[PDB]
Amino acid sequence: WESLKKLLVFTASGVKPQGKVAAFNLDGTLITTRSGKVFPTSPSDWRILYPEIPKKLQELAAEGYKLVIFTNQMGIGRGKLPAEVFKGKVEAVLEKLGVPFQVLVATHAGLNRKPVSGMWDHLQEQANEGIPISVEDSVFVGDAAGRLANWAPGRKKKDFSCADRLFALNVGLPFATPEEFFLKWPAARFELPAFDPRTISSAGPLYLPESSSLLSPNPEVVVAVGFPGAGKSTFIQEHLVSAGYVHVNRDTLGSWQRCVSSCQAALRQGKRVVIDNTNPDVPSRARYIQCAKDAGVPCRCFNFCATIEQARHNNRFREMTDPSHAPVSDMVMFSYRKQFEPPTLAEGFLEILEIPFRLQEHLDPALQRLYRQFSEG
DNA sequence: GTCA
DNA sequence: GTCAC
DNA sequence: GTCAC
DNA sequence: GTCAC
DNA sequence: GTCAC
Ligand SMILES: Nc1ncnc2c1ncn2[C@@H]1O[C@H](COP(=O)(O)OP(=O)(O)O)[C@@H](O)[C@H]1O
Ligand SMILES: [Mn+2]
């Protein structure tokens, strides 16, 4: 065993560096509960999932594969499951399996939690003896495979997650469910998430209508509207603030009232101001429209188009890339969704720019890779 | 993020 | 300093 | 309660 | 956390 | 402490 950075690593005696791997998930793939319940009642509540398993694990072992387990255990980092308790469930599990295994445990959220590919990377980079690992000559077996309800005669309930299949996808590993793999069952029906980060691009206009202009040389108030994670601050900094707009932000000032004051003062200095809040509904936007009317200046709306799933994906990406910032929770997202009212001219706007979400152009490579990965099961 |  | 938000 | 598989 | 008290 | 899930 060893305790690393948001990661656990049990390495067995007899585990040998190899250039192909056969990796599995733990719960639901190698073992299951005797209870028939999701989580283990006793710490004795576990049995091998199929009797075929140790036999196949032995063939693979001799056919040269390195044997590895990729398991999410966040209940650990969240204090719902003491490490040493779990630390030895797998030690136990290993013996009944017989074969030498290498175990990688994702204790927390972030790059290491499947479907994101951290644990895999940690293996090719640090956990072998530098010997490369052929992705296509490898394989991942997992039960979190997004299978539909009633995916087989016996099996009624839909999978709780598509995390294992998506992990495979992000890596490029061939994938199979424990039944397809161990029992030679035929591929089951399944569905992937509706939002696919791989097909997001930079193609198309930065804003609509294209006839309009992003900036104005005269004082105005620009009111952003959009989910947290829609990319408002990033866009506003790159195109408005760096050109002289005063950046007014509740996150920074503490209250809408202070935003209003600060907007008022900026207009008094003859400046152009942008309100970088979520501003989801008519009453939130009216605050700033009123300021514009009072100062006798135009008010425009930048309406950020990111969908909830796009914004959630960005939020996950922020957690992994920018930790000093506090994670927005889904509750915040669902609340925005219920509050939301489309911006319209009747509110008193001079115009409304729609700002579609467009992948960042010259994005650094290694972060493009990360951004491209499915980040939730 | 928000304080409606 | 407490309060509703 | 909001980061158990 | 800030607002209005 | 509130919210939607
Ligand atoms: N156009 C874009 N392409 C790729 N990533 C983006 C884009 N806009 C924002 N991001 C990333 O998404 C996250 C949210 O950005 P941010 O501007 O803070 O959103 P908001 O201000 O709407 O909450 C950040 O990680 C940021 O780097
Ligand atoms: Mn922001």
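Naming convention: chains lettered A, B, ... in sequence-line order (proteins, then strands); numbering from 1 in each chain. Just so you know, these numbers use all the heavy atoms, side chains as well, and skip hydrogens, waters and symmetry mates.
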>> Set out, in order, the CA-CA distance, both residues' side-chain angles and the distance that settles side chain to side chain contact (heavy atoms under 4.5 Å, CB included) for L206(A) and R358(A), then state yes or no.
In response: CA-CA 7 Å; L206(A) 195 75; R358(A) 301 272 188 248; 5.5 Å; no
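In this structure a side-chain-to-backbone donor-acceptor pair under 3.5 Å is missing from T32(A) to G28(A). At least one donor-acceptor pair closer than 3.5 Å links the side chain of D164(A) to the backbone N or O of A144(A). A donor-acceptor pair under 3.5 Å is absent between the side-chain atoms of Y65(A) and the main chain of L57(A), judged by distance alone. Side-chain atoms of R147(A) never come within 3.5 Å of backbone atoms of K158(A) as a donor-acceptor pair (strictly under, hydrogens ignored).
For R318(A) and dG1(B), the CZ to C1' distance is 10 Å, given to the nearest whole Å. One interatomic measurement links the two molecules: NZ of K232(A) to P of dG1(B), which rounds to 7 Å at whole-angstrom precision. For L111(A) and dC3(D), the CG to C1' distance is 14 Å, given to the nearest whole Å. Computed from coordinates, the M331(A) CE to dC3(B) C1' distance equals 12 Å when rounded to whole Å. With rounding to whole Å, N315(A) atom CG is found 11 Å from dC3(D) atom P. Between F340(A) atom CZ and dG1(B) atom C1' there is a gap of 16 Å when expressed in whole angstrom units. Following rounding to the nearest Å, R165(A) (CZ) and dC5(D) (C1') show an atom-to-atom distance of 17 Å. Rounded to whole Å, the distance from NZ on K338(A) to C1' on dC3(B) is 16 Å.
The side chain of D27(A) approaches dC5(D) more closely than any other nucleotide in the set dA4(B), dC5(D), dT2(B). Proximity note for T71(A) (side chain, C-beta onward) versus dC5(D), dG1(B), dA4(D): the nearest is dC5(D). Listed nucleotides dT2(E), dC5(F), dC3(F) differ in distance to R258(A); the shortest reach to its side chain belongs to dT2(E). Distance from the side chain of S255(A) is smallest to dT2(E) among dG1(B), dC5(D), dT2(E). In the set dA4(E), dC3(F), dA4(D), the nucleotide with an atom closest to the side chain of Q257(A) is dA4(E). With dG1(B), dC3(D), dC3(B) as the choices, the nucleotide that has an atom nearest any side-chain atom of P327(A) turns out to be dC3(D). In this structure, the nucleotide among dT2(B), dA4(F), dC5(D) sitting nearest to the side chain of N72(A) is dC5(D). Of the candidate nucleotides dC5(D), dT2(B), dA4(F), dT2(B) has the atom lying nearest to any side-chain atom of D251(A). Closest to the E319(A) side chain, of the nucleotides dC3(D), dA4(B), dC5(D), is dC3(D).
Among the atoms of the strands shown, base atoms are found under 4.0 Å from some heavy atom of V332(A). Residue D143(A) is out of contact with every strand shown, counting any heavy-atom pair closer than 4.0 Å. Counting non-hydrogen atoms under 4.0 angstrom, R250(A) reaches a base of the nucleic acid. Using a 4.0 Å heavy-atom cutoff across all strands shown, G254(A) reaches sugar-phosphate atoms only and no base atom.
For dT2(D), the torsion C1'-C2'-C3'-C4' is below zero, which places the sugar in the south, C2'-endo range. The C1'-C2'-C3'-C4' torsion of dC5(D) is negative. Its sugar is therefore classed as south.
Neither OP1 nor OP2 of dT2(B) sits under 4.0 Å from any side-chain N or O of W256(A). A close approach under 4.0 Å does not occur between any side-chain nitrogen or oxygen of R337(A) and OP1 or OP2 of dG1(B). Not one side-chain nitrogen or oxygen of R316(A) sits closer than 4.0 Å to the OP1 or OP2 atom of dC3(D). Taking side-chain N and O atoms only, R113(A) has a distance below 4.0 Å to OP1 or OP2 of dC5(D).
The pairing partner recorded for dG1(F) is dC3(B), the criterion being a Watson-Crick or G-U wobble arrangement whose two distances lie under 3.5 angstrom.
None of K114(A), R312(A), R113(A) except one satisfies the salt bridge (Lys or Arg N to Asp or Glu O under 4.0 Å) rule with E376(A); the exception is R312(A).
Look at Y336(A) and the base of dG1(B); the rings do not stack under the cut-offs of 5.5 Å between centres and 30° between planes. The aromatic ring of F160(A) stacks onto the base of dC5(D), its centre lying under 5.5 Å from the centre of the six-membered base ring with the two planes under 30° apart.
For the consecutive nucleotides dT2(E) and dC3(E), the six-membered rings of the bases sit within the stacking limits of 5.5 Å between centres and 30° between planes.
The gap from the P atom of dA4(F) to that of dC3(C) amounts to 25 Å, rounded to the nearest Å. With both ends at atom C1', the span from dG1(B) to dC5(C) equals 14 Å, rounded to whole Å.
Taking the six-membered ring where the residue is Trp, the centroids of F304(A) and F227(A) are separated by 6.0 Å or more.
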